[PDB]
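Presented below is the structure to which this report refers.
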Amino acid sequence: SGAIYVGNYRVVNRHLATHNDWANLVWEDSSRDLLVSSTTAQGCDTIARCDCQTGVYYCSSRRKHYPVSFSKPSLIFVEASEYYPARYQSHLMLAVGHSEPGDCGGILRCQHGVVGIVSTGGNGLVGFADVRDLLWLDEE
Ligand SMILES: O=S(=O)(NC1CCCC1)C1CCOCC1
Ligand SMILES: [Zn+2]
């Protein structure tokens, strides 16, 4: 589990969105595994605006933050999972590292702020859903 809280937005994995998220929907994209809902309180997070390929992510199934190198956001044919079938997922970044389903929502951060959240795992890789292209999160 986990979310990003930027302004009056809450960014979560689409597959973990709650009824309250869907009842307060701003934007959602199944291909990216992302959903954004509206919040009453302002959040603590800054979104990275950059093309970094190094950062640190939180792995709940290790209670640890790991430094990683990761690929630029791409279309990755992802095998079906505990929460999704085998399919292509867009705006996905991969690193070598540990990821189980409940690790979804862990933040990946670089020197500029939050890059994305854990979205996929398996075969010794972790995938992160990028948010750095969602420029509208920074306003309104
Ligand atoms: O091993 S995967 O399932 N698929 C391969 C990844 C690159 C090309 C296909 C990978 C999907 C993202 O999360 C980590 C697992
Ligand atoms: Zn950066």
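Chain labels follow the order of the structure tokens: the first chain is A, the next B, and so on; residue numbering restarts at 1 in every chain, and ligands are counted from 1 in their shown order.
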Practice task
Find the residues near ligand 1. Use a cut-off of 7 Å, count only C-alpha atoms and all ligand atoms, and write them as a VMD selection string.
Solution key: chain A and resid 76 to 79 94 120 to 123 125 to 127
File of the preceding selection, N, CA, C and O atoms, as a compact mmCIF listing (two decimals), in the first residue's frame:
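out_8.txt, freshly written:
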```txt
# COMPACT_ATOMS: atom_id res chain seq x y z
N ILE A 76 5.73 -1.86 -21.10
CA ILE A 76 6.36 -3.11 -20.69
C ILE A 76 5.26 -4.15 -20.66
O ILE A 76 4.22 -3.91 -20.07
N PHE A 77 5.48 -5.20 -21.39
CA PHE A 77 4.48 -6.28 -21.39
C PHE A 77 4.66 -6.95 -20.04
O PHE A 77 5.66 -7.49 -19.75
N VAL A 78 3.71 -6.74 -19.17
CA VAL A 78 3.78 -7.30 -17.80
C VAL A 78 2.96 -8.56 -17.78
O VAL A 78 1.80 -8.48 -18.25
N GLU A 79 3.51 -9.57 -17.14
CA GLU A 79 2.84 -10.86 -16.98
C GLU A 79 1.68 -10.61 -16.04
O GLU A 79 1.83 -9.84 -15.05
N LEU A 94 11.63 0.12 -14.79
CA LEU A 94 12.05 -1.12 -14.13
C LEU A 94 13.40 -0.96 -13.44
O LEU A 94 14.26 -0.21 -13.95
N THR A 120 4.63 -3.01 -9.99
CA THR A 120 4.78 -4.41 -10.47
C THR A 120 5.94 -5.07 -9.74
O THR A 120 6.79 -4.36 -9.15
N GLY A 121 5.98 -6.39 -9.82
CA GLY A 121 7.10 -7.12 -9.24
C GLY A 121 7.18 -8.51 -9.83
O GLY A 121 6.28 -8.87 -10.62
N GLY A 122 8.23 -9.25 -9.48
CA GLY A 122 8.49 -10.62 -9.97
C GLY A 122 9.80 -10.72 -10.74
O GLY A 122 10.29 -9.72 -11.34
N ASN A 123 10.32 -11.95 -10.83
CA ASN A 123 11.56 -12.28 -11.58
C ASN A 123 12.67 -11.34 -11.16
O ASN A 123 13.53 -11.02 -12.00
N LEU A 125 12.68 -8.25 -10.37
CA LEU A 125 12.54 -6.87 -10.84
C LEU A 125 11.42 -6.18 -10.05
O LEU A 125 10.47 -6.83 -9.55
N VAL A 126 11.51 -4.87 -10.02
CA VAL A 126 10.46 -4.00 -9.44
C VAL A 126 10.11 -3.04 -10.55
O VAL A 126 11.01 -2.48 -11.22
N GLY A 127 8.82 -2.78 -10.75
CA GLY A 127 8.37 -1.78 -11.69
C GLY A 127 7.68 -0.66 -10.94
O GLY A 127 6.92 -0.91 -10.00
```
Practice task
Using only C-alpha atoms, determine which residues lie at most 10 Å from residue 52 in chain A, disregarding the query and same-chain residues fewer than 2 positions distant; provide the list as a ChimeraX atom specification.
Solution key: /A:48-50,54-55,69-72,109-112,115
Next, write the just-selected residues to a file, as a short mmCIF file (atom, residue, chain, number, x, y, z; two decimals), in the first residue's frame, keeping C-alpha atoms as the atom set.
```cif
data_model
loop_
_atom_site.label_atom_id
_atom_site.label_comp_id
_atom_site.auth_asym_id
_atom_site.auth_seq_id
_atom_site.Cartn_x
_atom_site.Cartn_y
_atom_site.Cartn_z
CA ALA A 48 10.11 15.23 -9.39
CA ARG A 49 10.30 17.01 -12.80
CA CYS A 50 13.35 15.42 -14.36
CA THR A 54 18.73 6.77 -10.12
CA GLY A 55 16.78 7.04 -6.90
CA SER A 69 19.02 2.49 -11.10
CA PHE A 70 15.82 2.34 -13.19
CA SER A 71 14.82 2.46 -16.83
CA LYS A 72 12.95 5.45 -18.41
CA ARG A 109 12.30 9.27 -5.07
CA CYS A 110 15.24 11.08 -6.66
CA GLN A 111 17.01 14.32 -5.76
CA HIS A 112 14.04 16.26 -7.30
CA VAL A 115 9.30 9.88 -9.23
#
```
Against range 19-37 of chain A, which residues of range 43-128 of chain A fall within 9 Å? For each one I want the closest pair of atoms and the distance in Å (one decimal), counting only C-alpha atoms, rows by chain and increasing residue number, as CSV.
```
residue,atom,partner,partner_atom,distance
A:87,CA,A:31,CA,8.9
A:88,CA,A:31,CA,7.3
A:89,CA,A:31,CA,5.1
A:90,CA,A:32,CA,5.1
A:91,CA,A:32,CA,6.0
A:92,CA,A:32,CA,7.2
A:119,CA,A:33,CA,7.0
```
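Secondary structure of chain A, helix (DSSP H, G or I) only (DSSP, backbone atoms): residues 14, 15, 16, 19, 20, 21, 22, 23, 30, 31, 32, 60, 61, 62, 101, 102, 103, 135, 136, 137 and 138 of chain A.
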Output C-alpha atoms of each residue in that selection to a file, as an mmCIF file, in the first residue's frame.
```cif
data_model
loop_
_atom_site.group_PDB
_atom_site.id
_atom_site.type_symbol
_atom_site.label_atom_id
_atom_site.label_comp_id
_atom_site.auth_asym_id
_atom_site.auth_seq_id
_atom_site.Cartn_x
_atom_site.Cartn_y
_atom_site.Cartn_z
ATOM 1 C CA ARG A 14 -5.564 2.103 -9.593
ATOM 2 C CA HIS A 15 -5.921 -1.529 -8.432
ATOM 3 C CA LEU A 16 -5.808 -0.361 -4.751
ATOM 4 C CA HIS A 19 -14.660 3.486 -3.057
ATOM 5 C CA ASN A 20 -13.907 6.976 -1.618
ATOM 6 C CA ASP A 21 -11.165 7.404 -4.282
ATOM 7 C CA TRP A 22 -13.593 6.486 -7.089
ATOM 8 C CA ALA A 23 -16.314 8.763 -5.525
ATOM 9 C CA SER A 30 -5.782 1.336 -16.219
ATOM 10 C CA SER A 31 -2.877 1.053 -18.695
ATOM 11 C CA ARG A 32 -0.654 2.948 -16.150
ATOM 12 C CA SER A 60 7.463 -2.772 2.573
ATOM 13 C CA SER A 61 8.191 -6.538 2.335
ATOM 14 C CA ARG A 62 11.773 -5.724 3.569
ATOM 15 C CA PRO A 101 2.050 -7.256 -4.514
ATOM 16 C CA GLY A 102 1.639 -5.476 -1.170
ATOM 17 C CA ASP A 103 4.773 -3.398 -1.935
ATOM 18 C CA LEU A 135 2.415 18.084 -14.815
ATOM 19 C CA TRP A 136 -1.144 19.047 -13.759
ATOM 20 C CA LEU A 137 -0.538 17.472 -10.289
ATOM 21 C CA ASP A 138 1.534 20.634 -9.460
#
```
Practice task
Find the residues near residue 116 in chain A: any atom within 10 Å, counting only C-alpha atoms, skip ones fewer than 6 places away on the same chain, and give them as a ChimeraX atom specification.
Solution key: /A:3-4,11-12,47-48,57,91-93,105-110,127-132
Exercise for the section: Please run DSSP on the backbone and report, as number ranges by chain, all residues within range 8-139 of chain A that come out as strand (DSSP E). Expected result: A: 9-13, 25-29, 34-38, 54-59, 64-69, 74-78, 87-96, 107-110, 113-122, 125-130
Handout entry: Two-atom distance - CA of residue 114 in chain A, CA of residue 18 in chain A (Å)
Key = 21.9 Å
